[PDB]
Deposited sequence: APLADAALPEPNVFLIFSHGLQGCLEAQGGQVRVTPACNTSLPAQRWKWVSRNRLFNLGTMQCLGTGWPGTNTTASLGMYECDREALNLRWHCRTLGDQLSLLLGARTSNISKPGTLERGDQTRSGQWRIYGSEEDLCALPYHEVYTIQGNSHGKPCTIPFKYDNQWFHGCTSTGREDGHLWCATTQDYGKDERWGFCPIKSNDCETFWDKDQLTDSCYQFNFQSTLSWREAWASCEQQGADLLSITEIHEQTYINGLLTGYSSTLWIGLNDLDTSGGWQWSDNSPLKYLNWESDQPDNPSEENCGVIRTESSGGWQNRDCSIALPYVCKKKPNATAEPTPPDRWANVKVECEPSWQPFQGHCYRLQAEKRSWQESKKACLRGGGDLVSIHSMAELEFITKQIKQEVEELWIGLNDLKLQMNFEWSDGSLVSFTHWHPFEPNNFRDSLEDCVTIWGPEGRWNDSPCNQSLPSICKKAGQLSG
């Protein structure tokens, strides 16, 4: 019971209590008494755990506080955490209202929508509270189920509407609700029957201890397209440019090292900011309006010294090769120097390279490339690709050439991809000696 809280008045010096059908302030604050335990629930109602009822007052026309069945409409059961204090002070003839035991205001523990998994409600969130077999529930329950799985109604009256779904769980395994890749031990959840917005889908994955699908490897694309063959669907993935336009990122902060945009994508930069995978294109990526309602896919996984003319940063040595060469020839020159084309794994390393090594050189080669397999970028030095810093609407050279290599471009230190044909200076990286 982490969302539950007591309501204290400094002006009356006591906690708000609900007895029978009445509401009072008692100086005897006791966090154990459910009569004093409150909880925000759906549709801006304030729920009491002792009475299993909702705080209410009269509509304009008859003013007092009382407890009422939460589905009563003949009374106003709606409150706002910002004005609740003023309403309580008004109706009790009081000062300042806070959560008991803290300096936090009554807006500190807000109601969060919990989106359902599978069931028959297309991902619609739990209606809190809901009635089932004439009993109120202010949370998920397994009563009425043998397997013990937690569920909830998506209307307030299950007996009437029979709309429901499974509740999301934060698990250390991937048992009931997930397809697991045995090779990578990564778990995937295709909610074909749900219809949620991107942000809603994001929240759903998050409250399962997961994130929207990121596709980081060529294999991962193949495994994903695999499970999708036969189905006909368009599903949200973690891809978006909400922060920076054209700056596509995975919601789970994975590097944008693999790409599978459809031929004409992405487009409509002014309206479409979120990524979808499609079965029609055999797993191609599109960008769409983030507010549209779609099925979605979740994912979870249960001080050195340098040689002369080189400069140190962290544990490596860096050097500018000012002579303009091709990407491959730039690399060959780095190797003869006992190093390789620079690999960049953090923002601090990037800043060092850009401010200290590149300086006013306009554009130059780094180690990132997709010569081996196209649309799948890797560092020439074989290092793990953990970090990308693409310019807006980059990369995009796989859209023409069959071989793409990467440069640092301009003062921000962001990256382009380009034909390796191009003649540019470059930066080299090798390990340093400690010291």
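Which residue ranges of the deposited sequence are not present in the modelled coordinates?
-> In the chain as deposited, 1 to 9, 72 to 74, 107 to 125, 334 to 348, 482 carry no coordinates.
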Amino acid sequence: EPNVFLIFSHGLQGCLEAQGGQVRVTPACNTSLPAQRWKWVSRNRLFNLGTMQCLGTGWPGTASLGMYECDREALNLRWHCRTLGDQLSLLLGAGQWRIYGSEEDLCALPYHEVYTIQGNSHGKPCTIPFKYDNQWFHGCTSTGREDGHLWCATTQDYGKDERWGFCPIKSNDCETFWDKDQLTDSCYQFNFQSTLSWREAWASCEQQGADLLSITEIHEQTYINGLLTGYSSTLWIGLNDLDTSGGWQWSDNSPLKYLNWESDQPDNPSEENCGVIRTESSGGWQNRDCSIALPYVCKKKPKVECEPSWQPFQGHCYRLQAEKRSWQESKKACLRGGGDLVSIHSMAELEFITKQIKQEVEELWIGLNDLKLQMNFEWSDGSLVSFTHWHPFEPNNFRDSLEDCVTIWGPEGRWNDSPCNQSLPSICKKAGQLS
From here on, numbers count along this sequence of modelled residues.
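Entry-level comparison of average CA B-factors, 309 to 317 and 211 to 219, reporting the higher stretch | Higher mean C-alpha B-factor in the PDB entry: 309 to 317.
Read off the CA B-factors in the entry, average them over 184 to 192 and over 292 to 300, and name the higher stretch.
-> Higher of the two, by average CA B-factor, is 184 to 192.
Looking at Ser263, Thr279, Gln249, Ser330, which has the highest Cα B-factor in the entry?
-> Across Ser263, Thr279, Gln249, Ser330, the entry lists the biggest C-alpha B-factor for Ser263.
Selection by C-alpha B-factor (highest) of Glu69, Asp381, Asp400, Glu394 = So the option with the highest C-alpha B-factor is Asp400.
Chain-wide C-alpha B factor ranking for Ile99, given as lowest, middle or highest third | For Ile99, whose C-alpha B-factor we compare with every modelled residue in the chain, the answer is the highest third.
For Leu92, the third of its chain into which the C-alpha B factor falls = Highest third of the chain for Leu92's C-alpha B-factor.
In terms of the chain's CA B-factor thirds, is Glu17 lowest, middle or highest?
-> Answer is highest: the recorded C-alpha B-factor places it there.
Taking the chain's C-alpha temperature factors as the reference, tell me which third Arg145 falls into: lowest, middle or highest.
-> Top third by C-alpha B-factor.
Cα B factor band for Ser9 (lowest, middle or highest third within the chain) | Its C-alpha B-factor, which the entry lists for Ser9, ranks in the highest third among residues of this chain.
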